[PDB]
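Presented below, as structure tokens, is a lone chain in the form deposited in one PDB entry.
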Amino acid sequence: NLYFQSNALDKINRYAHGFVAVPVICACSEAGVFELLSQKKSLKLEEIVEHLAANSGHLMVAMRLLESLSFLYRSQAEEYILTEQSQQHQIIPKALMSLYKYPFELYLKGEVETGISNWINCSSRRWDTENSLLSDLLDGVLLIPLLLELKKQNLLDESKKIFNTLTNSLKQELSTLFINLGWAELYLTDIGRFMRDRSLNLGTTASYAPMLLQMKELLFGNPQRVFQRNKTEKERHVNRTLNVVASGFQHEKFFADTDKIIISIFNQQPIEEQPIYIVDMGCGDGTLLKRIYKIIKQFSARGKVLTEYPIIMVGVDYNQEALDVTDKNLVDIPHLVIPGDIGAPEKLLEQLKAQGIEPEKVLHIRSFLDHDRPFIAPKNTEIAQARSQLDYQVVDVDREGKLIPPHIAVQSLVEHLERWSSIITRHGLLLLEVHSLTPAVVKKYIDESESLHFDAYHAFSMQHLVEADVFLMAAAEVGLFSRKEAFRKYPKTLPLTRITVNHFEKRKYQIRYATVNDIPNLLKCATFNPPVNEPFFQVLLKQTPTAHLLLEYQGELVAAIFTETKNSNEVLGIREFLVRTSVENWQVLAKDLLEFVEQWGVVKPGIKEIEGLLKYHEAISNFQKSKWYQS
């Protein structure tokens, strides 16, 4: 915990930002996006799409990135307007895009005709701008592939004398760069060691270089040429090898967060009623399954009695090579590997039954896969219709590169979780997932959070991130609730959620957003505040369409909690509490709703604090004494 680390952390994150942002800015500049918004200053996305013959989905990804960088702003009519910062697009050299295919391997080996001296000189001048952020964005285009190769060839871990075995010209090139950057003084400095030790965190972003090189095709050409799939069906938009290595390394601290959940499950008495099978959908190399088994064996009551009550780990994956690797990795662990697909839980269930596996004895688990499912369009058009008036900000791009409407992306996730919800047992569903943020929050935490680059390259590659609150809502709509004692989120202390660790349990009821359509039923409920009239409900529902929660059981309204969002959208407050005391177990259910509102508010983008929990907990906990109206 040293003083220099806070600036170093900002720098490395900014480098990853620039790795994605510079291709977006350059492609937009070349196609005339900034010029168009200078000739006509207020344009909606559809107008920009039409006039530049753009692909609406990828273009939305680019616009959200530019908004997050404060290059553009959106009016209340959803019209894009340039800012003074957007003139920075003129400072970017467009030859800089050549680095995305420059052979850094050959360069470090002296087998290259043309080196990188021009860019080293550019960096020393801070790219001819005083905007510190901007010069860090451009630095990232160069430094990310270079640092990764310097680490890969073991040119930085070398004791003391780094660059000592390189040709003298190479020595001076990299010595100048490292000295100019404060990385070396020839010995590495504090920041120099920091950048080297943390290089693999850039691997996932760096692996999308082939896609980012083709940004102009994504935005303005034929997106499918970027995503080939030839005969061997190797991915062309990403170096999956480096990607899988890097993401596995990053997924490490999150796997450890399943320890407390696993320890809790397999300490639960009696042993015979615990799960027998732990089934990981998308097992990859089996790292998570292997860890879980060792945790059970060493740290749980179940681990003392495996002789009498064995555990069986089950790896499921739609790729046979993954099953083979997982099979080998789970040597000496009782296990099974079977094919399956994240989108087909019904087929998984039938394959388990074909093995004689008793479905009710299964704990289902998975990590970081729901957002990478094959997108299935909504079949429930009526629920999709209702959903369409809500203000979701999910960005999701289809195979043609067109924008999937946010409410359609959400309804797809709901229906996909419903298919899973129908097979989840009383042992529940251990689920880790990564989430996108809104541009308002990304803009506010640009130096502290990875979202700017991570959300962009995810949406560009046709993955389906949602914001963390949207995910928890989609689960709640189908009766899956993330258990309070198991939950973890990252980042821990910033008002934004990029990662959730969940133990979902299946409950008999559902929680969804209240809508204007619910107002007649809401008017009839018992209510802690004096009875609310329709206009105030309309006011609340109009101002924050996705901030009021209701709990339903067998089509019957049980309870509802309305909220207010205030103070630069940093404070969420409980505003109304409604119940129907005619429904069996309504008080327990209403307490569950208030607990859910707290969890949901904890992951709501931008929310720093929740007000009113004590007041409204007391209201429902001492119901008769609190003297509710219309009871």
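Quick note: we count residues from 1 along the sequence shown, nothing fancier.
What comes next is about the form deposited with a small molecule bound, which is not displayed.
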(message) Just to confirm the contact call: exactly one of 389-397, 455-463, 114-122, 212-220 touches the small molecule in the deposited bound form at a 4.5 Å heavy atom cutoff, so which is it?
(response) 455-463
(message) At 4.5 Å between heavy atoms, is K361 in contact with the small molecule in the deposited bound form?
(response) no
(request) Give a yes or no for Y208: in the deposited bound form, does one of its heavy atoms lie within 4.5 Å of a heavy atom belonging to the small molecule? (result) yes
(request) Answer with yes or no whether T204 is in contact with the small molecule in the deposited bound form, where contact means some heavy atom within 4.5 Å. (result) yes
(request) Report yes if any heavy atom of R236 sits within 4.5 Å of a heavy atom of the small molecule in the deposited bound form; otherwise report no. (result) no
(request) Have a look at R291, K402, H251, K489 for me and say which one sits with a heavy atom within 4.5 Å of the small molecule in the deposited bound form. (result) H251
(request) Check each of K506, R419, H371, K260 and return the one that places a heavy atom within 4.5 angstroms of the small molecule in the deposited bound form. (result) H371
